[PDB]
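*Asks:* File follows, query-v7.txt with compact mmCIF, C-alpha atoms:
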# COMPACT_ATOMS: atom_id res chain seq x y z
CA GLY D 1 -130.78 -125.79 -96.56
CA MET D 2 -128.68 -123.32 -94.60
CA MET D 3 -128.93 -120.66 -97.31
CA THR D 4 -131.78 -118.46 -98.44
CA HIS D 5 -132.32 -115.50 -100.71
CA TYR D 6 -135.11 -113.25 -101.86
CA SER D 7 -135.54 -115.76 -104.72
CA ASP D 8 -136.57 -118.50 -102.28
CA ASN D 9 -140.15 -118.86 -103.58
CA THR D 10 -140.76 -121.89 -101.38
CA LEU D 11 -140.16 -119.89 -98.15
CA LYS D 12 -142.07 -116.87 -99.46
CA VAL D 13 -145.16 -118.82 -100.51
CA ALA D 14 -145.10 -120.94 -97.30
CA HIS D 15 -144.89 -117.81 -95.15
CA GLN D 16 -147.86 -116.29 -96.99
CA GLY D 17 -149.72 -119.51 -96.32
CA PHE D 18 -148.80 -119.53 -92.67
CA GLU D 19 -150.11 -115.95 -92.37
CA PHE D 20 -153.50 -117.02 -93.76
CA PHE D 21 -153.37 -120.10 -91.53
CA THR D 22 -152.79 -117.93 -88.46
CA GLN D 23 -155.74 -115.79 -89.56
CA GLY D 24 -157.94 -118.85 -90.01
CA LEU D 25 -157.09 -120.08 -86.56
CA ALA D 26 -157.74 -116.68 -84.91
CA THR D 27 -160.94 -115.76 -86.79
CA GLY D 28 -162.48 -118.91 -88.22
CA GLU D 29 -162.26 -117.40 -91.69
CA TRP D 30 -160.40 -119.80 -93.96
CA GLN D 31 -161.03 -118.57 -97.50
CA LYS D 32 -157.72 -116.73 -97.93
CA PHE D 33 -155.87 -119.92 -96.93
CA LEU D 34 -158.00 -122.16 -99.13
CA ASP D 35 -157.45 -119.88 -102.10
CA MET D 36 -153.75 -120.67 -101.88
CA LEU D 37 -154.24 -124.41 -102.09
CA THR D 38 -153.85 -126.45 -105.26
CA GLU D 39 -156.76 -128.36 -106.74
CA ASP D 40 -154.95 -131.61 -105.88
CA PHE D 41 -154.23 -130.47 -102.30
CA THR D 42 -153.80 -133.23 -99.75
CA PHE D 43 -153.54 -133.14 -95.99
CA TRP D 44 -152.50 -135.57 -93.32
CA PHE D 45 -153.84 -135.35 -89.76
CA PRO D 46 -153.12 -137.61 -86.78
CA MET D 47 -156.49 -138.67 -85.42
CA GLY D 48 -160.24 -138.72 -85.50
CA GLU D 49 -162.56 -138.14 -88.44
CA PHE D 50 -159.72 -136.57 -90.40
CA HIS D 51 -157.09 -139.16 -89.51
CA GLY D 52 -154.65 -140.01 -92.25
CA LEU D 53 -154.64 -138.84 -95.84
CA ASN D 54 -157.32 -136.44 -97.00
CA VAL D 55 -157.82 -135.37 -100.59
CA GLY D 56 -159.03 -132.13 -102.15
CA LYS D 57 -160.10 -128.60 -101.27
CA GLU D 58 -163.69 -129.47 -100.33
CA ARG D 59 -162.50 -131.88 -97.70
CA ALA D 60 -159.94 -129.23 -96.61
CA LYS D 61 -162.70 -126.68 -96.05
CA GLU D 62 -164.58 -129.28 -94.03
CA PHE D 63 -161.47 -129.87 -91.92
CA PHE D 64 -160.64 -126.24 -91.26
CA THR D 65 -164.26 -125.37 -90.46
CA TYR D 66 -164.33 -128.27 -88.06
CA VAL D 67 -161.16 -127.05 -86.40
CA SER D 68 -162.67 -123.63 -85.76
CA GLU D 69 -166.09 -124.91 -84.82
CA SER D 70 -165.34 -125.31 -81.09
CA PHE D 71 -162.98 -122.42 -80.63
CA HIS D 72 -165.57 -119.74 -80.21
CA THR D 73 -162.96 -117.01 -79.99
CA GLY D 74 -160.26 -118.79 -81.98
CA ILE D 75 -156.82 -120.19 -81.47
CA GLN D 76 -153.78 -117.93 -81.01
CA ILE D 77 -150.24 -118.65 -82.11
CA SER D 78 -148.29 -117.86 -78.96
CA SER D 79 -144.90 -118.31 -80.63
CA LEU D 80 -143.49 -119.33 -83.97
CA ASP D 81 -140.26 -120.86 -82.86
CA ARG D 82 -138.59 -122.63 -85.80
CA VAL D 83 -139.14 -122.50 -89.57
CA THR D 84 -137.12 -124.90 -91.71
CA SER D 85 -137.18 -125.58 -95.42
CA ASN D 86 -135.77 -127.23 -98.51
CA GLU D 87 -136.50 -126.89 -102.24
CA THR D 88 -140.18 -127.68 -101.84
CA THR D 89 -141.17 -128.10 -98.18
CA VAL D 90 -141.41 -125.78 -95.18
CA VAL D 91 -142.03 -126.74 -91.56
CA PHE D 92 -143.38 -124.38 -88.94
CA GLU D 93 -142.85 -125.38 -85.32
CA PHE D 94 -145.12 -123.32 -83.14
CA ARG D 95 -147.01 -123.01 -79.81
CA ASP D 96 -150.73 -122.30 -79.67
CA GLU D 97 -153.63 -121.75 -77.32
CA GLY D 98 -157.35 -121.19 -77.27
CA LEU D 99 -160.59 -121.99 -75.48
CA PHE D 100 -162.12 -125.25 -76.52
CA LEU D 101 -165.74 -124.72 -75.50
CA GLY D 102 -164.38 -122.47 -72.81
CA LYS D 103 -161.69 -124.89 -71.68
CA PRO D 104 -157.99 -124.07 -72.02
CA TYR D 105 -156.32 -125.82 -74.91
CA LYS D 106 -152.60 -125.38 -75.32
CA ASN D 107 -150.21 -127.24 -77.62
CA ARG D 108 -146.97 -127.56 -79.51
CA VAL D 109 -147.50 -128.19 -83.19
CA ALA D 110 -145.52 -128.77 -86.37
CA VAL D 111 -147.21 -128.02 -89.68
CA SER D 112 -145.40 -128.99 -92.86
CA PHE D 113 -146.32 -127.48 -96.24
CA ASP D 114 -145.24 -128.41 -99.76
CA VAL D 115 -145.16 -125.60 -102.26
CA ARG D 116 -145.93 -125.71 -105.95
CA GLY D 117 -145.41 -122.42 -107.73
CA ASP D 118 -147.52 -119.78 -106.04
CA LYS D 119 -149.58 -122.31 -104.07
CA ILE D 120 -149.51 -125.05 -101.43
CA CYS D 121 -150.14 -128.61 -102.59
CA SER D 122 -149.90 -130.55 -99.33
CA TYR D 123 -150.13 -130.20 -95.56
CA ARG D 124 -149.08 -132.41 -92.67
CA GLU D 125 -149.78 -131.77 -88.99
CA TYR D 126 -147.95 -133.23 -86.03
CA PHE D 127 -148.71 -132.94 -82.26
CA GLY D 128 -145.84 -132.03 -79.87
CA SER D 129 -147.65 -131.76 -76.56
CA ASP D 130 -150.79 -132.94 -74.72
CA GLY D 131 -153.26 -130.15 -75.46
CA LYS D 132 -152.98 -128.94 -71.86
CA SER D 133 -149.52 -127.41 -72.07
CA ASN D 134 -146.82 -126.06 -74.36
CA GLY K 1 -133.55 -122.35 -96.92
CA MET K 2 -133.79 -123.51 -100.50
CA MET K 3 -129.99 -123.65 -100.94
CA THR K 4 -127.32 -125.95 -99.61
CA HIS K 5 -123.64 -126.73 -100.17
CA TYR K 6 -121.02 -129.03 -98.79
CA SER K 7 -120.32 -126.29 -96.16
CA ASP K 8 -123.78 -126.85 -94.65
CA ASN K 9 -122.59 -128.16 -91.26
CA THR K 10 -126.08 -128.05 -89.85
CA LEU K 11 -127.34 -130.58 -92.40
CA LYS K 12 -124.19 -132.66 -92.18
CA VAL K 13 -124.24 -132.95 -88.39
CA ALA K 14 -128.04 -133.50 -88.21
CA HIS K 15 -127.82 -136.27 -90.81
CA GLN K 16 -125.08 -137.94 -88.78
CA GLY K 17 -127.29 -137.67 -85.71
CA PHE K 18 -130.19 -139.15 -87.64
CA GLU K 19 -128.03 -142.13 -88.64
CA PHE K 20 -127.19 -142.78 -84.97
CA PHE K 21 -130.88 -142.24 -84.07
CA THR K 22 -131.88 -144.80 -86.72
CA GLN K 23 -129.33 -147.23 -85.26
CA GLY K 24 -130.62 -146.65 -81.72
CA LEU K 25 -134.17 -147.32 -82.74
CA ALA K 26 -133.26 -150.51 -84.64
CA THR K 27 -130.81 -151.92 -82.11
CA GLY K 28 -131.40 -150.24 -78.74
CA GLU K 29 -127.79 -149.13 -78.66
CA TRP K 30 -127.81 -145.38 -78.07
CA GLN K 31 -124.20 -144.54 -77.09
CA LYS K 32 -123.24 -143.20 -80.52
CA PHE K 33 -126.25 -140.86 -80.58
CA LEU K 34 -125.65 -139.76 -76.97
CA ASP K 35 -122.00 -139.04 -77.68
CA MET K 36 -123.12 -136.45 -80.22
CA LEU K 37 -125.23 -134.54 -77.71
CA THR K 38 -124.10 -131.34 -75.97
CA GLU K 39 -123.83 -131.22 -72.19
CA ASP K 40 -126.79 -128.81 -72.06
CA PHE K 41 -128.85 -131.07 -74.33
CA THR K 42 -132.64 -130.70 -73.92
CA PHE K 43 -135.46 -132.69 -75.44
CA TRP K 44 -139.19 -132.18 -75.67
CA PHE K 45 -141.65 -135.09 -75.84
CA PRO K 46 -145.44 -134.99 -76.09
CA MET K 47 -146.70 -137.23 -73.31
CA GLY K 48 -146.22 -139.53 -70.42
CA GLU K 49 -143.32 -139.75 -68.03
CA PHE K 50 -141.15 -137.66 -70.34
CA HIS K 51 -143.79 -135.11 -71.28
CA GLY K 52 -142.43 -131.62 -71.81
CA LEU K 53 -138.95 -130.20 -71.44
CA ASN K 54 -136.23 -132.60 -70.28
CA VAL K 55 -132.75 -131.42 -69.42
CA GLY K 56 -129.40 -133.15 -69.75
CA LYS K 57 -127.71 -136.29 -71.06
CA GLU K 58 -128.40 -138.54 -68.06
CA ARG K 59 -132.10 -137.91 -68.52
CA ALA K 60 -131.66 -138.38 -72.31
CA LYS K 61 -130.20 -141.84 -71.71
CA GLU K 62 -133.13 -142.74 -69.50
CA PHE K 63 -135.53 -141.62 -72.21
CA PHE K 64 -133.86 -143.49 -75.10
CA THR K 65 -133.49 -146.64 -73.00
CA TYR K 66 -137.18 -146.33 -72.17
CA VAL K 67 -138.08 -145.95 -75.83
CA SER K 68 -136.26 -149.18 -76.71
CA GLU K 69 -137.26 -151.25 -73.66
CA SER K 70 -140.54 -152.55 -75.13
CA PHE K 71 -139.40 -152.92 -78.70
CA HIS K 72 -137.68 -156.24 -78.30
CA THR K 73 -136.58 -156.32 -81.93
CA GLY K 74 -136.50 -152.54 -82.39
CA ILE K 75 -138.19 -149.90 -84.51
CA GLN K 76 -137.54 -149.57 -88.22
CA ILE K 77 -137.62 -146.36 -90.24
CA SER K 78 -139.80 -147.36 -93.15
CA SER K 79 -139.24 -144.11 -95.01
CA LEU K 80 -137.54 -140.76 -94.54
CA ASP K 81 -139.83 -138.48 -96.53
CA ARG K 82 -138.85 -134.87 -95.89
CA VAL K 83 -135.78 -133.21 -94.46
CA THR K 84 -135.89 -129.46 -93.99
CA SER K 85 -133.42 -127.05 -92.43
CA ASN K 86 -132.30 -123.55 -91.62
CA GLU K 87 -129.06 -122.12 -90.17
CA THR K 88 -129.38 -124.22 -86.99
CA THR K 89 -132.33 -126.64 -87.09
CA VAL K 90 -133.12 -129.75 -89.10
CA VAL K 91 -136.44 -131.58 -89.16
CA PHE K 92 -136.86 -135.15 -90.27
CA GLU K 93 -140.35 -136.24 -91.25
CA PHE K 94 -140.47 -140.03 -91.27
CA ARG K 95 -142.60 -143.21 -91.05
CA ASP K 96 -141.73 -145.95 -88.61
CA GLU K 97 -142.77 -149.33 -87.35
CA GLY K 98 -141.99 -152.03 -84.83
CA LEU K 99 -143.40 -154.56 -82.41
CA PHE K 100 -144.41 -153.12 -79.10
CA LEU K 101 -144.51 -156.23 -76.91
CA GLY K 102 -145.43 -158.18 -79.98
CA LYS K 103 -148.04 -155.68 -81.07
CA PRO K 104 -147.78 -153.71 -84.32
CA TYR K 105 -146.85 -150.08 -83.78
CA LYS K 106 -146.76 -147.82 -86.82
CA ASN K 107 -146.45 -144.05 -86.88
CA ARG K 108 -145.64 -140.82 -88.59
CA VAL K 109 -143.11 -138.72 -86.72
CA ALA K 110 -141.29 -135.48 -86.99
CA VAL K 111 -138.11 -135.03 -85.02
CA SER K 112 -136.39 -131.68 -84.95
CA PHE K 113 -132.73 -131.20 -83.96
CA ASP K 114 -130.76 -128.03 -83.23
CA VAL K 115 -127.08 -128.19 -84.15
CA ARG K 116 -124.20 -126.56 -82.34
CA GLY K 117 -120.80 -127.17 -83.92
CA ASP K 118 -120.16 -130.86 -84.31
CA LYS K 119 -123.01 -131.66 -81.93
CA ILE K 120 -126.78 -131.60 -81.30
CA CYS K 121 -128.06 -129.36 -78.50
CA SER K 122 -131.78 -130.06 -78.56
CA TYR K 123 -134.46 -132.43 -79.74
CA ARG K 124 -138.21 -132.16 -80.24
CA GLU K 125 -140.57 -134.98 -81.15
CA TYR K 126 -144.01 -134.67 -82.74
CA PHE K 127 -146.60 -137.42 -83.50
CA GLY K 128 -148.26 -137.44 -86.96
CA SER K 129 -150.49 -140.50 -86.71
CA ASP K 130 -152.23 -142.80 -84.21
CA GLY K 131 -149.58 -145.47 -83.61
CA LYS K 132 -151.60 -147.96 -85.70
CA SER K 133 -150.97 -146.57 -89.14
CA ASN K 134 -148.72 -144.38 -91.24
Is it possible to give me this structure as structure tokens?
*Replies:*
Amino acid sequence: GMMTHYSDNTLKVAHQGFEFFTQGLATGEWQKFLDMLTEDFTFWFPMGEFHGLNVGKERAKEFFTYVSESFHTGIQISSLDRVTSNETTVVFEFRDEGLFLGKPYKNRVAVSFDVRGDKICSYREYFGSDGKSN
Amino acid sequence: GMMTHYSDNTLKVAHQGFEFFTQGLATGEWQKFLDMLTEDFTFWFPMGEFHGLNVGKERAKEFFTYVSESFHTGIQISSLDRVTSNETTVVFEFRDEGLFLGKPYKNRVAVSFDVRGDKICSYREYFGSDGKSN
């Protein structure tokens, strides 16, 4: 929707989530993000071990740990370019970069969150570049 | 934002664009979609010949023609799952499928439009699955 207001809980909660997400990417510490996830949290990811639908917070921790495992000094969010929402969902379109075992990884990414009350109940990631550029 | 209203031109225009985009995918006829694009239209795509930033409507036509060339009976939008917006941008998270030279293509996609007046001024595409599943 075009309109927001301080009472837009969906935006507020999603933004808090995206902050902890940023922190997880940069530092490999994911607990603050995980603590914001519902017990029935699901996430969708495009490829590999974590391809498709994943269920629950244990599996989430496994995912996020795995993400950080090869970025020895983390991933940076270079720009957060577009944030869109509706009653329940927020999408963050961003650019990132980090050394993947010392090799330059760069991408365009869209992460979509659903919000339930003061927490996030689902996540979906989409790839917008080739991992070499953004 | 959480809130909308009939005066939400961004949503209105984007939805019209998405209808013409649906039609282009299903039929390979893109004129109606193209007609809604601004002269300074740009589009971002993740890989291949059209990887990165692409500028202008001539190039847009090439791209959309290219998309349709190998889907002899088109691509169907199986579901439109999430539509989010702000003052200027709308993102459509959807599931699609079609025969790619007789071979089953299925995906999760997010396409993001910017709106300017009664037109669309940019496009960004993100992949959410592996082209085999959604």
*Asks:* Could you list, as JSON, numbers by chain, every residue within 9 Å of residue 25 in chain K, counting all atoms listed in the file and ignoring same-chain residues fewer than 6 positions away?
*Replies:* {"K": [64, 67, 68, 71, 74, 75, 76, 77]}
*Asks:* Using all atoms listed in the file, find each residue of chain D with at least one atom at most 7 Å away from an atom of chain K; report its shortest atom-to-atom pair and that distance in Å (one decimal), sort the rows by chain and rising residue number, and return the result as JSON lines.
*Replies:*
{"residue": "D:1", "atom": "CA", "partner": "K:1", "partner_atom": "CA", "distance": 4.4}
{"residue": "D:2", "atom": "CA", "partner": "K:87", "partner_atom": "CA", "distance": 4.6}
{"residue": "D:3", "atom": "CA", "partner": "K:3", "partner_atom": "CA", "distance": 4.8}
{"residue": "D:4", "atom": "CA", "partner": "K:1", "partner_atom": "CA", "distance": 4.5}
{"residue": "D:8", "atom": "CA", "partner": "K:2", "partner_atom": "CA", "distance": 6.0}
{"residue": "D:45", "atom": "CA", "partner": "K:128", "partner_atom": "CA", "distance": 6.6}
{"residue": "D:46", "atom": "CA", "partner": "K:129", "partner_atom": "CA", "distance": 3.9}
{"residue": "D:47", "atom": "CA", "partner": "K:130", "partner_atom": "CA", "distance": 6.1}
{"residue": "D:52", "atom": "CA", "partner": "K:129", "partner_atom": "CA", "distance": 6.9}
{"residue": "D:84", "atom": "CA", "partner": "K:85", "partner_atom": "CA", "distance": 4.3}
{"residue": "D:85", "atom": "CA", "partner": "K:84", "partner_atom": "CA", "distance": 4.3}
{"residue": "D:86", "atom": "CA", "partner": "K:2", "partner_atom": "CA", "distance": 4.7}
{"residue": "D:87", "atom": "CA", "partner": "K:2", "partner_atom": "CA", "distance": 4.7}
{"residue": "D:89", "atom": "CA", "partner": "K:84", "partner_atom": "CA", "distance": 6.9}
{"residue": "D:90", "atom": "CA", "partner": "K:84", "partner_atom": "CA", "distance": 6.7}
{"residue": "D:125", "atom": "CA", "partner": "K:128", "partner_atom": "CA", "distance": 6.2}
{"residue": "D:126", "atom": "CA", "partner": "K:128", "partner_atom": "CA", "distance": 4.3}
{"residue": "D:127", "atom": "CA", "partner": "K:126", "partner_atom": "CA", "distance": 5.0}
{"residue": "D:128", "atom": "CA", "partner": "K:126", "partner_atom": "CA", "distance": 4.3}
{"residue": "D:129", "atom": "CA", "partner": "K:46", "partner_atom": "CA", "distance": 3.9}
{"residue": "D:130", "atom": "CA", "partner": "K:46", "partner_atom": "CA", "distance": 5.9}
*Asks:* Take the selection from the previous step and output its residues with C-alpha atoms, as a PDB file, in the coordinates of the input.
*Replies:*
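Wrote out-v5.pdb, looks like this:
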ATOM      1  CA  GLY D   1    -130.780-125.790 -96.560  1.00  0.00           C
ATOM      2  CA  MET D   2    -128.680-123.320 -94.600  1.00  0.00           C
ATOM      3  CA  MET D   3    -128.930-120.660 -97.310  1.00  0.00           C
ATOM      4  CA  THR D   4    -131.780-118.460 -98.440  1.00  0.00           C
ATOM      5  CA  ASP D   8    -136.570-118.500-102.280  1.00  0.00           C
ATOM      6  CA  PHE D  45    -153.840-135.350 -89.760  1.00  0.00           C
ATOM      7  CA  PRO D  46    -153.120-137.610 -86.780  1.00  0.00           C
ATOM      8  CA  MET D  47    -156.490-138.670 -85.420  1.00  0.00           C
ATOM      9  CA  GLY D  52    -154.650-140.010 -92.250  1.00  0.00           C
ATOM     10  CA  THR D  84    -137.120-124.900 -91.710  1.00  0.00           C
ATOM     11  CA  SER D  85    -137.180-125.580 -95.420  1.00  0.00           C
ATOM     12  CA  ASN D  86    -135.770-127.230 -98.510  1.00  0.00           C
ATOM     13  CA  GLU D  87    -136.500-126.890-102.240  1.00  0.00           C
ATOM     14  CA  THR D  89    -141.170-128.100 -98.180  1.00  0.00           C
ATOM     15  CA  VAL D  90    -141.410-125.780 -95.180  1.00  0.00           C
ATOM     16  CA  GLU D 125    -149.780-131.770 -88.990  1.00  0.00           C
ATOM     17  CA  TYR D 126    -147.950-133.230 -86.030  1.00  0.00           C
ATOM     18  CA  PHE D 127    -148.710-132.940 -82.260  1.00  0.00           C
ATOM     19  CA  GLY D 128    -145.840-132.030 -79.870  1.00  0.00           C
ATOM     20  CA  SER D 129    -147.650-131.760 -76.560  1.00  0.00           C
ATOM     21  CA  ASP D 130    -150.790-132.940 -74.720  1.00  0.00           C
TER      22      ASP D 130
END
*Asks:* If you count all atoms listed in the file, which residues fall within 8 Å of residue 61 in chain D, apart from same-chain ones fewer than 4 positions away, as a PyMOL selection string?
*Replies:* chain D and resi 30+34+57+65
*Asks:* Expressed in Å to a single decimal, how great is the separation between CA of residue 13 in chain K and CA of residue 49 in chain K?
*Replies:*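 Distance reported for this atom pair: 28.7 Å.
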*Asks:* Could you work out how far CA of residue 132 in chain K lies from CA of residue 106 in chain K, giving the answer in Å with one decimal?
*Replies:*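 Interatomic distance, CA of residue 106 in chain K to CA of residue 132 in chain K: 5.0 Å.
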*Asks:* Go through K:6, K:21, K:66, K:123 and flag the residue nearest residue 42 in chain K, using only C-alpha atoms for the distances.
*Replies:*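 Ranked by minimum distance to residue 42 in chain K, first place goes to K:123.
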*Asks:* CA of residue 15 in chain K and CA of residue 16 in chain D are how many Å apart?
*Replies:*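 The value is 29.0 Å.
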